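**Student:** sharing an experimental structure here, sequence included.
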Amino acid sequence: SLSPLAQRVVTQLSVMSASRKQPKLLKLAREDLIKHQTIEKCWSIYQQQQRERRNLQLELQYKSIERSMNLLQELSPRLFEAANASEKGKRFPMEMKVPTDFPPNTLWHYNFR
Amino acid sequence: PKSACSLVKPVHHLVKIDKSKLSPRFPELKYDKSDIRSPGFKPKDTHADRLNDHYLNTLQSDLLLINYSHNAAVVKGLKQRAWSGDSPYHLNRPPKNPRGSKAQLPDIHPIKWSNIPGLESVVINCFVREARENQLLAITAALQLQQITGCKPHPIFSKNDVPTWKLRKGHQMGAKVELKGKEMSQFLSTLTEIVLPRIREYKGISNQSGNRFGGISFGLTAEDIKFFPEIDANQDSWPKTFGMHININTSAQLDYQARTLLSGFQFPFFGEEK
Amino acid sequence: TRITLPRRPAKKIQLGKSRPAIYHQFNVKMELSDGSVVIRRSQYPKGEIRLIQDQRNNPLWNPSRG
Amino acid sequence: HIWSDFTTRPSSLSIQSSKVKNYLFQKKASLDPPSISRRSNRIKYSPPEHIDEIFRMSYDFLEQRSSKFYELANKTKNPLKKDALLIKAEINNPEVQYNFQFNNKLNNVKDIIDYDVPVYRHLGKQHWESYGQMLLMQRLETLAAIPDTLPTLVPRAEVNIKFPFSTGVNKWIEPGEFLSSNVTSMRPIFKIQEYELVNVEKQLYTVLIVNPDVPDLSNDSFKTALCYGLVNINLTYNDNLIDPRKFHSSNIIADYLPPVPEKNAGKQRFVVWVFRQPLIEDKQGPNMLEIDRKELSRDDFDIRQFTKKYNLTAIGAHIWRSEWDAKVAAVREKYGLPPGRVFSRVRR
Amino acid sequence: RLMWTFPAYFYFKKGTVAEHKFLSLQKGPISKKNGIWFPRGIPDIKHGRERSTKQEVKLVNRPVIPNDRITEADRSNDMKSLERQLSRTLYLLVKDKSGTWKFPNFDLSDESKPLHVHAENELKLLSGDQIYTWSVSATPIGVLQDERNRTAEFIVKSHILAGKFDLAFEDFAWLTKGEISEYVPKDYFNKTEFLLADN
Amino acid sequence: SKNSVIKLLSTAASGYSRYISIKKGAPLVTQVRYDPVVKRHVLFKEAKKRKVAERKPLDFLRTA
Amino acid sequence: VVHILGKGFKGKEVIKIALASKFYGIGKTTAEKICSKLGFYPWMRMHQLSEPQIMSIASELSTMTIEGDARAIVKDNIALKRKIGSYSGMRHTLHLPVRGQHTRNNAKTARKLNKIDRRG
RNA sequence: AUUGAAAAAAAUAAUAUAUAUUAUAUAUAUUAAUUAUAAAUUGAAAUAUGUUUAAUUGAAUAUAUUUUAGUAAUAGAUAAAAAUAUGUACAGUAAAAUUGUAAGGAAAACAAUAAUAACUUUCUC
RNA sequence: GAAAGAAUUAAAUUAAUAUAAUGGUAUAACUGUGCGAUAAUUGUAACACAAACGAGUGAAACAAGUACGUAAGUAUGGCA
């Protein structure tokens, strides 16, 4: 009927498939449904607020930068030129790592190079 | 059929009739997939995404600061040129195609608080070419992909036909999976930390790699996939591992911006940039 | 010649009744080369893993530091 | 805690059921849902874990937001803005959501869903837009009741009709239904549910049922026929069922003549239109209007011309459509209308 | 609740020592049996799981024990330390001859070199080559300006990567955005609030 | 000669036949059309007994 | 016996030499005391290894230099003189007696394996 | 209906049950199921009753009884791979080209490649 | 200021369409899809188009029943 390789392939396929592995549908009572809706809506609102806060902050930073660069242009042309360069190949430093869940054994390195 | 003449009749009102809602056929389908009452419901925001949080906190501001060019105006792309009306044959003529390209190119905007570059989507294209002989290899590749991602893969089929390579048309051959949001972020984090350091002579992603507009890519060999912890868990069940292409899609206007963004997430870049 | 698994009749998923594939996933703790632990969701059943070769002990990822 | 206060706020914003309210607001998931009436089913049921504390936090968050909105709402002077503020404050209230979703909107009981309350009215409007309004629009366009009678419609009020007096059965007419001559023998009952902010005391309404498809053999075309005409009707958000109780004999500009389609004349559209009166400033009380009853004719009726004359704006519509059956002759006889014509089966 | 069944048949092979341990760890679901009332409905089972409920699956050789997120420095409230807050963005503040706190100022007399580079050099000089910094960009984030002293302080952004600071300025500290408000003046804070990350 | 003609007879004992054309291996055809004689639609089965290529039964249930 | 150091082995197979076999970075004496430090009773087969024990086994091989990791070291020692003026480099590059053996006749062996990355 | 936990109802739909009318209505009642269907010496597990440990719980463990496991793809109103080419209803847009990308190359697959005025909704200074 | 939607313009009929060539095609005929599998039905066909005739082509409509669609409806085989 089937080889051992064929069997193993079928098993692998099954791992991915939804055939006889999935539970019943999540039914709720009307009160429960409402509670869920209120949870979700509030959360969504909170997320929107956070986005606006961050977005606003970014806008403020941009405005400050603009204000700075105009001033620099007014005062010292050479300094302005130096500031406003193409940073095409700018690379973030490899020490600035993505913050983990829990910290390492040695928290901070005081010596380098 | 009395005729094939298609011709949508005009209306006498501005109300937008959603035809789906007027039926009683698919009552479960009227609910949004986000809604709890839909069978399509899935808990989306299950836990705090770490890479995304990092981007929000540290990187995004830094990226904005980098990308500020003073009084930078919009750079319009190559577009379809109109004809000068110096002849009456120009009068209903289609526009001249773009200068260098056949297809139109997008406008490059200055980076401000709104349009800072960020990760948009990851796609993991795995086309196993031995599966022209063995269909079961495609299945195994799809499983591997699923294991790696925690996301449902989609089967790739042979779209073309060719004699030199023993390839038919309409044959299942490997799989793909578009990661988005938190799963994608996790996958990137795993790539940065676990997998890519275990690749021996790994210099990084090439600086000559990428789209013209905010898309960067690279690929992993069958040797490299055995470093993923899910495959590592049961390497026995992964003898014939399959390589894969990894298309990272950013919200970057240009490719150097995208590269910079990826560097922020601890991706090394080695080659000479364009 | 071509090795295949021959398909049975497909099961009709009705419109609206399609359910999203929520695979069984465990919360897995990865301790990297150094003692920095990180939680990640994973399909293989192993609550704890400790890694030997990571970015946190590779020279490319930190140039300054049988 | 603004949503627990009911000094200034209406009673309708609370849940009237006590058990349901208790279930909503508890400190642990101990109680079982009042919705599940049967014990065995309650036993079987298991709500999702941790739902209570999070729900409470969400309530607090949205309650705070509502309170903040109210701080603005009371300072506001202009009425539409104030209403909008009120809506914003209370729309995310769980209790009002429960009330609206799970109790009838058509024949709303005032204590549960009060359409005098702005939030509930907004909810009702949204519900109407989701399905019933779209359906009505489709039936107007497909049947060709808009351009044939009255150019366009911008649906504002939800209009539902009924024929209670003829047969006995209770049924709200779905737009574009085929009703028997027995069903539509005696007059209908309207319900004009208004969702916009409007002056309830001043604003009058007119209702016109028009039959565009009565055949005129001189013209070799059709003509309109005003089958039923009411004017100067007073609506209120909750008190809105236009019945012989409400309107007086003075309000009837053309008293109900029934659908009596001729044999082979075809299907006849009867499309009720609901207009609101023009509102005059510097005049307290409801501004009436006089109709020249000799000028307007029933056997031929320019609806558009009439609208132009009295400066009406069509807010709502509904439509049924009648064709010939055996009982139309009986209906005619009852009303004292003539025998009724019979046309050739072929449209030659 | 919505998750699939764990496909144990794949990850654990039948008739193996590893499977047996997993089985022992697990506890099975109650099956349906004729002539009995199940008041929580009849058991719906497939691959050995109650479909009606959530499934729980209980699982050098060493237990992975994570380190405490709060630190010794945090406990002591040492403001000069870099390990004192691990979940927040710390910013270097400095106290001058007067009682005021502020972000490190430096006089740019030469104006030959670029501004960010000069800043970095000044920092390095202050440190005694303990610090290891990285400028995010050559562009200045903002300016602090005033009428009494006709000056213009162009603010650079830069990231401490690996080093001490430890040292004209009297004292210094490493603080979050919330603590800087307490330390620094109100007007100054208003000027430079948005530059700092909230977390 | 790749197509032929059968004789779909009417379930109702009327005699009405709706001759249609079919391939050589014609999945025993059964069409539901109008039987004027009996003033109603009805199913039409083949008349002469022909043959169908060994068509495998579909495995709706999982087996072997 | 299992996937020990990836390319593992089989049971019944006494570990001592088993390591000398599959592994290339270790063999003979090295594999002998390699078990000694891990202290496994000699004449002990793979099937008997208490998985946890293999863990130590693995780490042990990491400590010293094993696998084709050393294949390269020699490859470089070869390339070294080869890169300098070295009769060997010719003998090695051409595929000829690098040990100055019978080029005239018995030299097929050299031609068969002796080459830039010899150990193939 | 029977146990847990600690007066009633009121949308919508669906099912159940009834009854009004030359009106597919209403009345009360409750919220089932929603990826499945034979055939498994052995795999797994649940319950009921058989021995030791603190009447007695847990453990082991044996017999019946069953239940599971026959492991298999689409989870999307799918959308230019192959599959049905007549009807209907709903919905969407292709190809080419170029910058790419493990093997990959002229020729596998995969990703990206026009414009946002206005309009609405939500947050927000 | 931001998101999200609804989309709108442009471009396109070069793709594709059961098959030649032309004509048509995105308002899509083309593509995906649910249902279905019935109208790839049954009597009278006016009236044109074409046309020597025999023939051929479109087809209103009347009547009987079927199918799908909330509905408007559409369907007497296929874009021609």
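**Tutor:** Noted; the coordinates are in hand. Numbers count the residues shown, from 1 in each chain, chains lettered A, B, ... in the order given.
**Student:** give the contact list for residue B:175.
**Tutor:** Residue B:175 makes contact with B:126, B:138, B:141-142, B:145, B:153-156, according to CB atoms under 8 Å, 6 or more residues apart in numbering or on different chains. To be clear about C-beta, it is placed using only N, CA and C from the backbone, and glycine gets the same treatment.
**Student:** and the helix or strand containing residue D:319, how far out from the chain middle?
**Tutor:** In the assignment (DSSP states H and E), residue D:319 maps to strand D:313-322. Put simply, strand D:313-322 sits 11 Å off its chain's centre (CA atoms, centre = their mean, to the nearest Å).
**Student:** shouldn't residue D:100 be within a helix?
**Tutor:** Yes: under DSSP: H, G, I helix; E, B strand; the rest coil, residue D:100 falls within a helix.
**Student:** from residue D:137, how far off is residue D:226?
**Tutor:** Distance of residue D:226 to residue D:137, computed by CB to CB, to the nearest Å: 23 Å.
**Student:** name the nearest residue to the residue nearest the centre of chain C, sequence neighbours excluded.
**Tutor:** By CA atoms, centre = their mean, chain C has its centre lying nearest to residue C:42, at 4.6 Å. Once flanking residues are discounted, residue C:42 sits nearest to residue C:28: 4.1 Å by CB to CB, 6 or more residues apart in numbering or on different chains.
**Student:** in chain G, which residue sits nearest RNA strand I?
**Tutor:** Proximity of chain G to RNA strand I (CB to the nearest atom of the strand) peaks at residue G:3, 42.8 Å away.
**Student:** let me fix that: the stretch 1-150 of chain D
**Tutor:** The stretch 1-150 of chain D approaches RNA strand I most closely through residue D:142 (3.1 Å), counting by CB to the nearest atom of the strand.
**Student:** how long is stretch D:223-237 from one end to the other?
**Tutor:** Distance between the boundary residues of stretch D:223-237 (CA to CA, to the nearest Å) amounts to 36 Å.
**Student:** could I get the buried residue list for it?
**Tutor:** D:223-235, D:237 (16 or more other CB atoms under 10 Å in any protein chain shown).
**Student:** quick one, what contacts residue D:23?
**Tutor:** A:31, D:31-34.
**Student:** that one and chain B, how far apart?
**Tutor:** Applying CB to the nearest CB, to the nearest Å, the value for residue D:23 to chain B is 17 Å.
**Student:** Three-state assignment for that residue, please.
**Tutor:** When classified by three-state DSSP, residue D:23 comes out as helix.
**Student:** that one and residue D:17: what is the separation?
**Tutor:** Look at residue D:23 and residue D:17: by CB to CB, they are 9 Å apart.
**Student:** OK, contacts around the residue nearest to residue D:86 when sequence neighbours are not counted?
**Tutor:** Of all residues not flanking residue D:86 in the chain, residue D:118 sits nearest, at 4.7 Å (CB to CB, 6+ apart). Applying CB under 8 Å, 6+ apart, we find residue D:118 in contact with D:83, D:86-87, D:197.
**Student:** mind putting the residues you listed into CSV with neighbour count, secondary structure and distance to RNA strand I?
**Tutor:** Formatted as CSV, the contacts of residue D:118 follow (neighbours: other CB atoms under 10 Å in any protein chain shown; DSSP: H, G, I helix; E, B strand; the rest coil; distance: CB to the nearest atom of the strand, whole Å):
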residue, neighbour count, secondary structure, distance to RNA strand I
D:83, 18, helix, 21
D:86, 21, helix, 21
D:87, 18, helix, 17
D:197, 14, coil, 23
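**Student:** which among the residues you listed gets closest to chain C?
**Tutor:** residue D:87 (31.7 Å; CB to the nearest CB).
**Student:** would you list the strands that the strand or helix carrying residue D:215 pairs with, along with their directions?
**Tutor:** Residue D:215 belongs to strand D:214-216 when assigned by DSSP H and E. Paired neighbours of strand D:214-216 in the sheet (DSSP bridges): strand D:221-223 (antiparallel).
**Student:** check which helices and strands the helix or strand just after the partner strand is in contact with.
**Tutor:** Where DSSP H and E defines the elements, the next helix or strand beyond strand D:221-223 is strand D:226-234. In terms of contacts (3 or more CB pairs under 8 Å, 6 or more residues apart in numbering or on different chains; DSSP states H and E), strand D:226-234 is packed against strand D:204-210, strand D:252-254.
**Student:** neighbouring strands of strand D:226-234 in the sheet, and parallel or not?
**Tutor:** If you go by DSSP bridges, strand D:226-234 pairs up with strand D:204-210 (antiparallel), strand D:252-254 (antiparallel).
**Student:** now the last one, how far from the chain's geometric center?
**Tutor:** Right, strand D:252-254. 21 Å.
**Student:** how big is the angle separating whatever helix or strand comes next after that strand from strand D:226-234?
**Tutor:** Next along the chain after strand D:252-254, taking DSSP H and E as the criterion, comes strand D:268-276. For strand D:268-276 against strand D:226-234, the angle by axes from the mean of the first three to the mean of the last three CA atoms, to 10 degrees is 20 degrees.
**Student:** centroid-nearest residue for chain F?
**Tutor:** In chain F, the centroid-proximal residue (CA atoms, centre = their mean) is residue F:29; its distance is 2.3 Å.
**Student:** in chain E, which residue sits furthest out from the middle?
**Tutor:** What lies farthest from the middle of chain E is residue E:35; by CA atoms, centre = their mean that is 59.1 Å.
**Student:** which secondary structure element contains it?
**Tutor:** For residue E:35, there is no host helix or strand (DSSP H and E).
**Student:** parallel or antiparallel, which strands does the host helix or strand of residue C:29 pair with?
**Tutor:** Residue C:29 belongs to strand C:26-31 when assigned by DSSP H and E. Neighbouring strands of strand C:26-31 in its sheet, by DSSP bridges, are strand C:37-42 (antiparallel), strand C:48-50 (parallel).
**Student:** now the closest residue to chain G within chain E: closest residue in space, sequence neighbours ignored.
**Tutor:** Here chain E gets closest to chain G at one residue, residue E:61, 5.2 Å apart by CB to the nearest CB. Residue nearest to residue E:61 in three dimensions, not counting chain neighbours: residue G:52, with 5.2 Å by CB to CB, 6+ apart.
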